[PDB]
């Protein structure tokens, strides 16, 4: 398993949660890691990304609340000020840009960690 998410769980609205993704082998050397999520009845949605230069980017709905980072063997998603609509299965992934601007091709992705934000 190249990517294994953890750190999900049940959190009260307004709380914070850090997700982790253990990255095995040389999965980082694709040069781009990301988190995306899938909420009930919705399509997968990009959340945050970081490239091998350290450059990050965020979905508009999480910018300012979420921070993506990585250490030698782990990608992290620090999620602050959590909202009920952040409830989703969260996935870490590794990939590349493609032919069309603004899209990411994820070649590897994990099994997901459930995040549930209650009220």
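Residue numbers count along the first chain shown, from 1.
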| query | finding |
| --- | --- |
| Of 86 to 94 and 37 to 45, the stretch whose C-alpha atoms average the higher B-factor in the entry | 37 to 45 |
| 67 to 75 set against 47 to 55, stretch whose average Cα temperature factor tops the other in the entry | 67 to 75 |
| Top Cα B factor in the deposited entry, candidates 107, 17, 21, 10 | 10 |
| Among modelled residues of the same chain, the CA temperature factor third for residue 62 | lowest |
| CA B-factor ranking of residue 118, expressed as a third of its chain | highest |
